[PDB]
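First comes the structure, then the notes that go with it.
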Amino acid sequence: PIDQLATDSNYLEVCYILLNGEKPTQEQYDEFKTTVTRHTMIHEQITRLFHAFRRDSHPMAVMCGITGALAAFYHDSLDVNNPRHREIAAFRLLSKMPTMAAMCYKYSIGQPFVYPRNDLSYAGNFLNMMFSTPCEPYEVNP
Amino acid sequence: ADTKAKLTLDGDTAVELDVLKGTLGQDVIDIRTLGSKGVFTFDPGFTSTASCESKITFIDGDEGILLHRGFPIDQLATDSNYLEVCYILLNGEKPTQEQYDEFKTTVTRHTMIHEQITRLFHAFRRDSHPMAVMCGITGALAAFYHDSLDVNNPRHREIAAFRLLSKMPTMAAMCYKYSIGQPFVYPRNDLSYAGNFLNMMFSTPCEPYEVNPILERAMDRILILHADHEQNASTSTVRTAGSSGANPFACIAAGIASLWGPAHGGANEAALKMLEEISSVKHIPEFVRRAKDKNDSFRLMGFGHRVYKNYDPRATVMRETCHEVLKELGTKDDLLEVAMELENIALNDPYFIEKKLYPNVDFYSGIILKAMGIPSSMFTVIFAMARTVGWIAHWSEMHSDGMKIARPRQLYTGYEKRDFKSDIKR
Amino acid sequence: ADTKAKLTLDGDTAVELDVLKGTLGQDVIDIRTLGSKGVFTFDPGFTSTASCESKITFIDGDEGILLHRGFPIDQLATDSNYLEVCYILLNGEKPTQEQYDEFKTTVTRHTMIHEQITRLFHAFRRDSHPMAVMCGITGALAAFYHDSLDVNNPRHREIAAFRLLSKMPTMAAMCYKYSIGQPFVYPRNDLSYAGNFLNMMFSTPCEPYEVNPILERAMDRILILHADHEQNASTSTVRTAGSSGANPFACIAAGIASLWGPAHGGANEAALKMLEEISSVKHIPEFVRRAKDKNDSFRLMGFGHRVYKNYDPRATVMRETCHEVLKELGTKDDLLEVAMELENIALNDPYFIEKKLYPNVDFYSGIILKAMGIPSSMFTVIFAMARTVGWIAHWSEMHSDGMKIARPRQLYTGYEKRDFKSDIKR
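Chains B, B' and A, in that order, give the protein sequences. A prime marks a further copy of an entry chain.
Using the deposited numbering, the first residue of the first sequence is number 72, and each one after it goes up by one.
Using the deposited numbering, the first residue of the second sequence is number 1, and each one after it goes up by one.
Using the deposited numbering, the first residue of the third sequence is number 1, and each one after it goes up by one.
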């Protein structure tokens, strides 16, 4: 039940459930997590693409434009018939979407992009890339 | 208490004029409604015309007195700090601990410059003078922060004011970094105005940077001492541009161009020509250049000033600070002992005593900046950076007065009306 | 010719002041000595003070007179072209063919702007108001043209004047192409000053652009009619900044900002607020917006002008040109028939008739520019671009006079000297 997941789980565990069909074993979750975190960075060349968009553009339009351009970069996982390809493409999306989303916001307001931190949770790391500023370390309210 | 009553003008008949009194200085002959009679005065440069009523800064030239909201400059440079002095200039009184902390909080929260403005920096040439880059960026601020340009809107004015006060330092330091090929440094909310500035100037990713307390304090006094200087040409430019309704940023950008005017207004070798004759006649370790250079004297190099008669009241603390700084940066300034000799020359050489070319605040400020490792092209940028709060103060005062638009007259001496017949075909 | 000799000022002792006479306009009282004699007038706004002697432009507001070097604006507008007017304003005399060819060739020789400057444009947001980009670019010029900044060197002023004169229409057109996302167009040597601007504004690489002779003359006229308008606010700013040493490029940029001041100084809805109430009360095809808008009247929309009592002399030829243009661009302006109704309203409404809100030169300029497809965001850019010559001439005249530095007085009404005791501890 959704109420049970929103109350007692977390986003990645729920991502694991949706993608795998069962709640994860502690070993399965930790492995899943490790992988998701190791690939949260977006290729530096994709960042340049962000600068070709107008600053007044809607973040959602920028979000679409960047996602639809991912195939021109990560061209090593496009064969949908190849399970290895599908898993890799899957993981790249799951890991990178947050980084992408936060950059749209930062770009929209004129603030510098913030790199993901492997020490923070999915939700905390997202709030960090949304609100952190070089001016001082940012602390996410629990 | 003499002619504090009235005065009269006579061309063939009489006209009575009020004579407003000041709290300090000279009283003035009110001529506001004269124009409504056709009678105009003539005064290029306005040196016999009070262009406004002000309460910000008071100067008595011959007495060597400089006051800011009544507070003697020596007292502010010694016991205050730049932001508190900014608060005084902008608000009229020293702040309550609660008022200062609020002011500070606001200034720090808006020190970052929009990321798109940073790109603008890269379109400039690397060899460009930081001062020219500083003007170009300030004058472009209106194309970004387009949400605070209505000078008639007090909320707009306060916001524009704060954005300038907070961002000028970040801007100044980026000009330097860009000029030398080093990466821009983001402001740190944990550091003081002066410390945070020195950090964005000298910090490198290669390692954390630590600001010397003596250097920090020295820079703070350099800023304090340049915070304001009354109705000079550059401030009057800010006031005049603002009277027409030019946006806040455009006004600050003009005061900057106006502030370095003398630096390039002087020949490509004004005070520079002899800075090249230090190679063929360097047989004498001093009178070779910066001691035989000034044919056409300059207050730009730290000697003399049209405002004060005998001494610059600002130079007192700067000279003492100057001793402290050199006496700290150790063996790296001993070579810069010529300063003691230029001062010696300015005090004892008959040429300087004659012209009254006393070392002004920029002479010592100059020594302190050179001691800290700052290129001379960054001196007026720093002075302009410091001067911006005063410019904001006069501009804001002008706007509370009712923005009396500068609409002067002219003595027309050209052609009477004559018909036009063209003799070309192109 | 009654007392064009002398007059007296009485405060405590009678001071003898010479009366100076013009060739047209009112006489002035020379008070450049009162200052030293310890006497200061008080004129915020300079309405009873002549800031200079000038031979460029003469205005007689009440009798609708406007002369540039003695020539009536009507004649120049109908019998000259923008470039010859430029020559006249700058040199004081109409040019011979030879002088004109040489002048036109010099201008043509410097129309292109450095390609690096072209890289500054791309750092501005595409959504930037074209005027903010203009102040931005013009204020960045000094960093690129650093060899023509010696305001005290006559060769530099000349170089600068031709640089500003030659490149403004290039930059102005780039501001437009940039804002609409079309490629920049290079200056064309074979086109007129006006034909070149139209081509730089509207041509694309997809088809040959045909310069309409009618619109070309109409543009030329808008330009001539905006060449100079005496000592107004923005020209006071140019002269003031200039007298303080500021480089020529910075001076024009300050003028540009001072000129569009009224447009944003308004309120984000000054003359805009009612430009939005044309959706709920549009039951009446006119008095809905631009006929019920002006609560706070504006000469910016083309109605009234502080300078002219009954009418704007520049509007005569502009109105005629307006007829020609609409009567040419055929079925594309018929909708812009409201113009006839706004004029009708300005001429016959008791309110307008009372407060003399006659249609001025920009009322007709706007209709033409609107009819030309040019967006309103560009109107002030084109006016400033044209006014640049008037700014150059005045700035140059200020520099031939001896650059009398703007150093006005103030009536100080602030605190008396007081001691500072830090109220804070942080």
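From the three backbone atoms N, C-alpha and C, an ideal C-beta is built for every residue, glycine too.
Looking at the secondary structure, which residues open and close the alpha helix (DSSP H) in which residue i lies?
| i | result |
| --- | --- |
| residue 118 of chain B' | 115–122 |
| residue 155 of chain A | 154–180 |
| residue 369 of chain B' | 361–372 |
| residue 305 of chain A | Segment: none, residue 305 of chain A is in no alpha helix (DSSP H) and carries neither H nor E. |
| residue 319 of chain B' | 315–326 |
| residue 148 of chain A | Element bounds for residue 148 of chain A: n/a, residue is neither H nor E. |
| residue 392 of chain B' | 379–400 |
| residue 107 of chain B' | 97–109 |
| residue 130 of chain B' | 130–138 |
| residue 248 of chain B' | 248–265 |
| residue 341 of chain B' | 338–348 |
| residue 144 of chain A | 141–144 |
Can the beta-carbon of residue i be found closer than 7 Å to that of residue j?
| i | j | result |
| --- | --- | --- |
| residue 406 of chain A | residue 233 of chain B' | yes |
| residue 3 of chain B' | residue 43 of chain A | no |
| residue 220 of chain B' | residue 267 of chain A | no |
| residue 224 of chain B' | residue 311 of chain B' | no |
| residue 251 of chain A | residue 261 of chain A | no |
| residue 175 of chain A | residue 130 of chain A | yes |
| residue 393 of chain A | residue 56 of chain A | yes |
| residue 338 of chain A | residue 368 of chain A | no |
| residue 387 of chain A | residue 226 of chain A | yes |
| residue 114 of chain A | residue 163 of chain A | no |
| residue 50 of chain B' | residue 99 of chain A | no |
| residue 154 of chain B | residue 197 of chain B | no |
| residue 70 of chain A | residue 421 of chain B' | no |
| residue 237 of chain B' | residue 255 of chain B' | yes |
| residue 107 of chain B' | residue 179 of chain B' | no |
| residue 289 of chain B' | residue 272 of chain B' | no |
| residue 37 of chain B' | residue 45 of chain A | no |
| residue 135 of chain B' | residue 257 of chain B' | yes |
Whole angstroms are fine: how far does the CA of residue j sit from the CA of residue i?
| i | j | result |
| --- | --- | --- |
| residue 142 of chain A | residue 395 of chain B' | 25 Å |
| residue 376 of chain B' | residue 370 of chain B' | 7 Å |
| residue 366 of chain B' | residue 322 of chain A | 60 Å |
| residue 382 of chain B' | residue 363 of chain B' | 14 Å |
| residue 379 of chain A | residue 414 of chain A | 43 Å |
| residue 429 of chain A | residue 317 of chain A | Outside the displayed span of chain A (1 to 426) sits residue 429 of chain A, for which this structure offers no information. |
| residue 96 of chain B' | residue 88 of chain B' | 11 Å |
| residue 172 of chain B' | residue 248 of chain B' | 18 Å |
| residue 389 of chain A | residue 77 of chain A | 15 Å |
| residue 216 of chain A | residue 58 of chain A | 28 Å |
| residue 207 of chain B' | residue 199 of chain B' | 12 Å |
| residue 133 of chain A | residue 185 of chain A | 17 Å |
| residue 127 of chain B | residue 157 of chain A | 40 Å |
| residue 297 of chain B' | residue 64 of chain A | 48 Å |
| residue 18 of chain B' | residue 41 of chain A | 10 Å |
| residue 117 of chain B' | residue 60 of chain A | 45 Å |
| residue 347 of chain A | residue 373 of chain A | 27 Å |
| residue 314 of chain A | residue 330 of chain A | 25 Å |
Since residue i sits in a beta bridge, which residues does DSSP pair it with?
| i | result |
| --- | --- |
| residue 68 of chain A | A:57, A:71 |
| residue 411 of chain B' | A:53 |
With residue i as the anchor, note down where its beta strand (DSSP E) starts and where it stops.
| i | result |
| --- | --- |
| residue 90 of chain B' | First-last for residue 90 of chain B': 82–91, but that is the alpha helix (DSSP H), not the beta strand (DSSP E). |
| residue 407 of chain A | Element bounds for residue 407 of chain A: n/a, residue is neither H nor E. |
Check whether the Cβ of residue i lies closer than 7 Å to any Cβ atom in chain E.
| i | result |
| --- | --- |
| residue 119 of chain B | Looking at the structure shown, chain E is missing, and the protein chains on hand are B, B' and A. |
**Prompt:** At what residue ranges does the segment 5–66 of chain B' contain a whole run of the beta strand (DSSP E), taking only runs of 3 or more?
**Reply:** 6–10, 14–20, 28–30, 40–42, 49–54, 57–60
**Request:** Identify every run of the alpha helix (DSSP H) within the segment 188–239 of chain B', keeping only runs that are complete inside it and at least 4 residues long; order them along the chain.
**Result:** 193–202, 213–224
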